[PDB]
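Enquirer: Before I ask anything, here is the structure I am working with.
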Amino acid sequence: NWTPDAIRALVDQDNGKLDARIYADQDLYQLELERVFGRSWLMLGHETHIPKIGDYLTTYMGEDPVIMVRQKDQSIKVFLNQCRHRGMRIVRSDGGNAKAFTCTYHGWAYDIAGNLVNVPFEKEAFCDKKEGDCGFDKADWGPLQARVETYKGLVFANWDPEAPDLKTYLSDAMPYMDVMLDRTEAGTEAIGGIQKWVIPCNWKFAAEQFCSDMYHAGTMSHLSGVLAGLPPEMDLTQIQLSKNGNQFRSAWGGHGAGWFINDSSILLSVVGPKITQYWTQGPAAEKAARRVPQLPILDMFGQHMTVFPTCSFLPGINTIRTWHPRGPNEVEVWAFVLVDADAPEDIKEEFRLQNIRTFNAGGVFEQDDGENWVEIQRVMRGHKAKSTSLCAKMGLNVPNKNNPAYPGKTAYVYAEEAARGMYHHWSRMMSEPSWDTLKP
Amino acid sequence: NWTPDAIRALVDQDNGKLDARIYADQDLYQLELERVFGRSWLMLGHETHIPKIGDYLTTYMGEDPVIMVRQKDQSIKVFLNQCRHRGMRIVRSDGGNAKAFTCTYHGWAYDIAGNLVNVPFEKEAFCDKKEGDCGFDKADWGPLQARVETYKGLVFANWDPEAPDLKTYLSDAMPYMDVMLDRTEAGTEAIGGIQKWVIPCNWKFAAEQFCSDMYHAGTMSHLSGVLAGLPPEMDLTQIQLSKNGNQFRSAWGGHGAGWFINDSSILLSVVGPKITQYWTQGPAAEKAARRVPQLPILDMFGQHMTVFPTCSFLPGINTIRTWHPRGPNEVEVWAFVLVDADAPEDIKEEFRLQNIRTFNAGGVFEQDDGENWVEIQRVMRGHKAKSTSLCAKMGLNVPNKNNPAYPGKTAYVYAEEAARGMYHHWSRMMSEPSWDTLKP
Amino acid sequence: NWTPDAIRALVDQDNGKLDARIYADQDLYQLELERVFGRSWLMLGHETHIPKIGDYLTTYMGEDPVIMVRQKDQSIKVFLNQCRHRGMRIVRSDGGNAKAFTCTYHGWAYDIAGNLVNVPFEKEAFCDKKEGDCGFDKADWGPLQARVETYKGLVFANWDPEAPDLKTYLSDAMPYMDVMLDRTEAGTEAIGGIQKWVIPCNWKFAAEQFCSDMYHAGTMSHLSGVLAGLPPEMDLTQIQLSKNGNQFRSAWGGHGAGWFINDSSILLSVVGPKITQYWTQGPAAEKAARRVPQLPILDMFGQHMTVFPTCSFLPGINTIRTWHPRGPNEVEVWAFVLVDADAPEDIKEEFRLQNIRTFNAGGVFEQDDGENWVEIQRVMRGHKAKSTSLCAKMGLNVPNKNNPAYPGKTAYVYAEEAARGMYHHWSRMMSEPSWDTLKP
Amino acid sequence: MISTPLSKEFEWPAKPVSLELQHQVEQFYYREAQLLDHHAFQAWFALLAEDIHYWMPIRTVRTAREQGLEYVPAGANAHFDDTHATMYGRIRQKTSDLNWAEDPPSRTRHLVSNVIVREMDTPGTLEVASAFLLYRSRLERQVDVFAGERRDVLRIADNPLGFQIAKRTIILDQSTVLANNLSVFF
Amino acid sequence: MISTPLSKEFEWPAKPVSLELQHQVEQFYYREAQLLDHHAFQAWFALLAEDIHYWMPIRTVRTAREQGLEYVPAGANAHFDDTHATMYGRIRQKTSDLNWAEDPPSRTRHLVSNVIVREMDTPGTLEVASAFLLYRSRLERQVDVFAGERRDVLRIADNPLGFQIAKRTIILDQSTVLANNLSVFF
Amino acid sequence: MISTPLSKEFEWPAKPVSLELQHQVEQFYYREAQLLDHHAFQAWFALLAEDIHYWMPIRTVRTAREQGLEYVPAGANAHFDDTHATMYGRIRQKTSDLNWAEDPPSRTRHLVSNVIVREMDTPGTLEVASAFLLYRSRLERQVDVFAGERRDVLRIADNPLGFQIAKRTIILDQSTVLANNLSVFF
Ligand SMILES: c1ccc(-c2ccccc2)cc1
Ligand SMILES: c1ccc(-c2ccccc2)cc1
Ligand SMILES: c1ccc(-c2ccccc2)cc1
Ligand code: FES
Ligand code: FES
Ligand code: FES
Ligand SMILES: [Fe+2]
Ligand SMILES: [Fe+2]
Ligand SMILES: [Fe+2]
């Protein structure tokens, strides 16, 4: 039994300390399902995954399987992939088009809105003279509905009716999202194929890394990944390093972003010269600069971002993923690639191939990331190692690291201000039962 | 920590509602081992599995491994397959004949009654001058004995000395059992070979299905199974359906049975024309009608039954099984086939081959059953899905569905009266600590 | 929640009874990690595993991964294999030589003493003008250090600063250790290669067996192992048995040893004639007798020993291992072979080959040991089997079984006095929070 | 020898068969595996002879003195015990799109190795022993691994594959079936 | 047939290839497996032709009516989609001693069986289907098992092994990748 | 080459061996597997030469600079290190009916593939590399999977199988042994 005071003690943003129990404790994970995943806005996919009426995608909200389906009025509804009769999975496919969703156990059929419309033998077994005259009404037995909101292509969902709306939830982080999402009036589109793989680590390691951790990329985590993109005549001794940049911590919510400034080296290593040129020079880059006027986007390179708790992406590379939790010791990565809808075909193709090369289950960057996370989780199995006080002091009390060209709280590119913000908001959601105090 | 009031709230038979937590909660499962499996009559096998003196079968009572062995006086004893010294499994074989059971660790030998009869070095190490003079007596260190009762071939066992006798425990359900068990004065016999397989689902899904769920078979669960038995010139559009029948709920105990009336279609699809003829017409069918006078057995077809908690069978098809629990998320099915001992050899052979075809780990019916159960359990892993209020309203408050030709409480063939009875008795066993109130 | 009184009730040394819950209860295991493994002296390896400066071995203290490393001053330090930043495993190799240990995630480098010496971008990100002026000091962020003590070659470690020193902890058991460890002034050396394998059983079964259980070897556990060493013309009917010997229980700590007297049969079966001759006759045997004057070592054969909780060895065969716990239902055996450093090369080779033959993952003796333990653990999964009262009465109240030629408390070779002592001390460590009462 | 106990090793001929025959049998099995692993159930069924007996006995756990009782004998309960007619029904189920155990369908791989051929007295008829590893995965994460031995009677046939399966006995290296079903062909 | 749907069985020739050719293809694959299983990545890379296309599509879970959507098509997201240049980079990573996913290196075993060869119209060019079982273990206890099918285009070459891989398409018998990465070559 | 480091790939000959020899070696291995998988331990032991050395080294987890220390060397601790005499004892144990680790006996399958043969200078003597998948199941639910490589020295012999095993070195693709024992032969 965890008390609000005991939970708050696990994270100390004022002293930059983290209790290692947050990553492995089973009781804390169960509280995460209720107090974090049960009332946060979670990314399910993109609008282009379900463009036509009846199109659906099966995905997750935490460990709960959900159906994301396009309606007749072009709206999107999200409901639990669970039959109200005995709990059978209603939809067993990854996606497609449907006029109805039928349960294979007893044949209970639901419409695309999630309403129970057909119950076999209702006249013979469920009622006497007319439907509903014996206490059974089909309107009472539909699967749990989630609140649905879209932000510039991305579909978010939330169970909690008391939770704030998506935009309020996103705080001052929206311009940083727009660097990838609002570059053109044509919007973005998802390249076909969501890659799914299983990493035995806590979701917070992955969420924090994309939130606040450029430090790993600028050190030794990706030396071999950078070398993979270098020509035969070039090696790691010839390439510089990169030390100029900033990071962002959201005013509320635990969102975070980090980027390098005036140096395309880290982007060039991942995406190559063609995308780097598209990202910086020409009509498309000029249009994007006008559409995101709150940020000097043309000077930003190799950006990382996490929308709390589990929506992570890399503007410029354009990989985007949801970390689906599978206990305190496991996560499922559901990743896809976004491109500008009006981008030239050779640019879209370049985005496609460079993503597979780099940020992919078998990618030259991604494989080294997971290996770090899996080993952390394995060490956490130890009794002394699970209660260790971890260092989150990076950048704390360090003056003159902010950047006035960027909105909100900023720090150095190599810092854990956004990380401290992520874990502070985590502790807030875990300790405060009501939105009366939790809301911004 | 679960309170009796909190446990009773999980099942509402008056409103037809079930809390999904009953199928996955680990703490509730541990209480099931003590309050349900620890004091219920559980089926271990048939008398024909152990016909001769010394013949034994290793099986389970819940998760406890037990030895079922024929005694010198032709009685049957059941005791824990655990050595009292350090807990080693005494018998490592599935079955056979023995004069003694010897532990491989330190050589402690037990007789077929479960008495410790030989302790190596007892004279040198355990006593001074005479056996027992230093506090060690072999009579004190025998494995835990279970109460043993047989009902017309089937062997049942119960740990609890305070529990009611088998026949009292069976309430008014015995005639429904006799449809399969008491057709002839020759009794039944088990065809050699107990099929064992592992299904990752809760035991209650399987127990309920055989207790009260004809609904799944009459809908879409077994459309492909029915098609498997149809000749090339016939398809599913030509075959009717079946809508006439009843189900039975026991006065006490949570036992249940369901059957179709005056329609052999569902039986014919599973067992074929030869068995259907044997089941309905001729001297054998006439004899069975005389031996079970409380039921119009000749008009009953495709019967399903569960003797609470885990003894399930299908009279007519004659598959019978115990669902051995393996946590809240897993079960082991131990199934065998029963035939009338005096049945003609071609009938016994037909029963054998039709069972393998249909109700078997690889059978055309059974495989679709498991697939439903596994998917329900997988969805239950979600936080919202595990606490869902499930619909058990089928047939509740629906008038004129009983049948006066059958003893006890009856409802429509497509109903969940027997299901509500099963879960109501489940909640009773889980909430009432004493047999002073639990007993009928 | 376990109370000190409830824990003490699990072990009754006065009546020779053990509660089976000690071997499988998850809550009791978590208390073992804190109250037993968190403050006991645990064997990590031998000094010969790390002979040179910078040489390291990665091993375990319970479930905590640790680095055992030789220092510049020839001392040995032991610290947690966990980076203080985000918990990444610092050393991923089994062993070798290092000048520094570097974390692969963010490049935090530690010296061989476990001090944090290099933090990438410390000047740019962690401080303002000088290192440490913003609250971040490298001296604050080193991995947890363990107390290190060696006993005649063997390296022991303990987390608890309040715990007694190694020699005080070893009570009156040291002479029994010297039978293997102090035979020569040259000391012992470890043959290259630590064999690691996984047994799904509780650590206490293995620890007790080597502590007090000659009974299994003298009965039927190793009949096939003995036959493996017999020539074609010989079988088990021709070989005697062995019934003369004693066992030892430590005054404090739960340490135990057992041996046969004046009979080399059990040793000859395992190690052969060449080692038996070396162990008993000649200058080496004569030297050993002088060096261990508190014991008649030349009359001792087939000795087994456990240094509580998990250090087990067999003097004469010279197999030695640590049982690393992996939950209540699993253990990892880390075994190696010790030889006298000055022993002739043909003797060292004989020790090497006979060990692989016998006490090894694939050895003729070891394989039958594990099979017993795995089956005990599997039965313990049952509800009735997990709470069984087990017999530890062997030798209790049995008079005239001691031997005055041996120091401390002694009993018959076939007895559980040392076993009762092991479990009594186990219950003491589990129920007493302070060393103020626990210390000898 | 057709009636060799399944507990006993296969009765291989004095000398191994010709290179040509070994090649033809192996290639047939590889083609058979291709059909199953790509859900060509109708094409696979065409390879089963009219007098096919498809049988997979139950294996039990026995100690030393009762090892002759390891296999549940013919004429008793089994995992599979099938004729051409019953296998036809199984195929009808598999291709119906109503077989919920196989809709969505399983992803399978039939690894075929250790092929030992024996020429029987009837011209064109062969007795063949082989080892198999059947990997089965379905839906999101379910994985079932099957291993064992197949003992077949094969006849030369005028079909494109050149052979028909007259008899198949499957030794499964399991006692308790560890998968939730046996909804795949061996 | 190069463009055969991966859901459909391999288009084997009317009659199986010669004994000699079957032997040469199998022996090449065994030698290829030896190089990978012993971390001879530079030697293995030499077997890849200059125009190599190394491709592993994503597999999805689909019901009856949308089974044609099982495989994520070419020109979309994939597990692998590689040329000679991108594979060169992968090899550079593997031999750098900075590839943390493979340092310490994985212990692998590439089991190669069910080899079916088809002779293409271009002399010396072959289309080959084979089944694989890739066992991968690393560090203390990690074990990942991969199973599936490879469809290759092989060309005769003047190298010691006699062949070069011109094209490789990998069918993996998984939808969701059950391993933490795909840091091994197929 | 007999003394090739186990970390390094097998030294295959310039050109693959004859079809006939490949067939004879493979068929021998299939017959060897049949004997083990059907617990014919006395018959299997007859295949071991009088000068047999049966050896399985311990594998360790090493980083880049100390990869030469992966294998625990000869003349040190090992999983197996056996002669004809010690193997005889192992067989005596296995057939005693008192070997509790193998009574009840394990259900095994030795999958043999990737067979590469090299003809040595001594007539009738061959060095052979092969990959294996050893599936082991026992009692109710225990399953252990072993994968790796065997490097054998085989001699032609006047026995019915035609060969005897003169040397066997087993590469096991594990560092920490994941099974509770190694109570099966490789
Ligand atoms: C988390 C994930 C990826 C990156 C990243 C790596 C290289 C280049 C650009 C961003 C930073 C944090
Ligand atoms: C549970 C299990 C099987 C059946 C059943 C299915 C078809 C025909 C007869 C009974 C009904 C409930
Ligand atoms: C525990 C482990 C091994 C032995 C042992 C067995 C045979 C010969 C000598 C000692 C006794 C207890
Ligand atoms: S479970 Fe969906 S209809 Fe019964
Ligand atoms: S455990 Fe059965 S005799 Fe010791
Ligand atoms: S985890 Fe070791 S440096 Fe960050
Ligand atoms: Fe990264
Ligand atoms: Fe059913
Ligand atoms: Fe032992």
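One-based numbering along the chain as shown.
Per deposition record, X-ray crystallography, 1.6 Å.
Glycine residues also receive a Cβ, built from the backbone N, Cα and C atoms like all the rest.
According to Swiss-Prot, the protein has these features:
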type: DOMAIN; residues: B:41-157; note: domain 'Rieske'
type: BINDING; residues: B:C83, B:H85, B:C103, B:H106; note: [2Fe-2S] cluster binding site
type: BINDING; residues: B:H216, B:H222; note: Fe cation binding site
Enquirer: Would you list the DSSP helix, strand and coil counts for the residues of the domain 'Rieske' (B:41-157)?
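Expert: Going through the domain 'Rieske' (B:41-157) residue by residue, I get 11 helix, 47 strand, 59 coil.
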Enquirer: For the recorded [2Fe-2S] cluster site, enumerate neighbouring residues of the same chain (Cβ within 8 Å of the Cβ centroid of B:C83, B:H85, B:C103, B:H106, site residues themselves excluded), in sequence order.
Expert: B:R84, B:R86, B:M88, B:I90, B:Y105, B:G107, B:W108
Enquirer: Report the same-chain neighbours of B:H85 ([2Fe-2S] cluster binding site): residues 6+ apart in sequence with Cβ closer than 8 Å to its Cβ, ordered by sequence.
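Expert: For B:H85 ([2Fe-2S] cluster binding site), the qualifying residues are B:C103, B:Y105, B:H106, B:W108, B:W141.
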Enquirer: What residue among the binding-site residues B:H216, B:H222 has the most other CB atoms lying within 10 A of its CB?
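Expert: Result for the most crowded candidate: B:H222.
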Enquirer: In whole Å, note down how far the CA of B:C83 ([2Fe-2S] cluster binding site) lies from the CA of B:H216 (Fe cation binding site).
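Expert: Given the Cα positions, B:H216 (Fe cation binding site) is 44 Å from B:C83 ([2Fe-2S] cluster binding site).
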Enquirer: Between the binding-site residues B:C83, B:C103, where is the Cβ count within 10 Å the lowest?
Expert: B:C103
Enquirer: Select from the binding-site residues B:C83, B:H85, B:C103, B:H106, B:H216, B:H222: which have any Cβ-Cβ contact with chain A shorter than 8 Å?
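Expert: Out of B:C83, B:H85, B:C103, B:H106, B:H216, B:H222, B:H216 lie under 8 Å of chain A.
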Enquirer: How many whole Å apart are the CA atoms of B:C83 ([2Fe-2S] cluster binding site) and B:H222 (Fe cation binding site)?
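Expert: It is 45 Å, counting Cα to Cα.
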Enquirer: Name, in order along the sequence, the binding-site residues among B:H85, B:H106, B:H216, B:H222 with a Cβ closer than 8 Å to any chain C Cβ.
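Expert: Contact set vs C: B:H85, B:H106.
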Enquirer: Using a Cβ-Cβ cut-off below 8 Å, which of the binding-site residues B:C83, B:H85, B:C103, B:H106, B:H216, B:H222 are near chain F?
Expert: none
Enquirer: State the three-class DSSP label for B:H222 (Fe cation binding site), counting H, G and I as helix, E and B as strand, and everything else as coil.
Expert: coil
Enquirer: Please classify the secondary structure at B:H216 (Fe cation binding site) using three-state DSSP.
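Expert: The residue in question, B:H216 (Fe cation binding site), is coil (DSSP, three-state).
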Enquirer: Select, from B:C83, B:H85, B:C103, B:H106, B:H222, each of the binding-site residues with a Cβ positioned under 6 A from at least one atom of ligand 3; if none does, say none.
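Expert: Correct list: empty, so none.
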Enquirer: Determine the Cβ neighbour count for B:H106 ([2Fe-2S] cluster binding site): the number of other Cβ atoms within 10 Å of its Cβ.
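Expert: Its Cβ shell of radius 10 Å holds 24 other Cβ atoms.
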Enquirer: Of B:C83, B:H85, B:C103, B:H216, B:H222, the binding-site residues listed, which put a C-beta under 6 Å from ligand 5? Please answer none if none do.
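Expert: The qualifying binding-site residues are B:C83, B:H85, B:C103.
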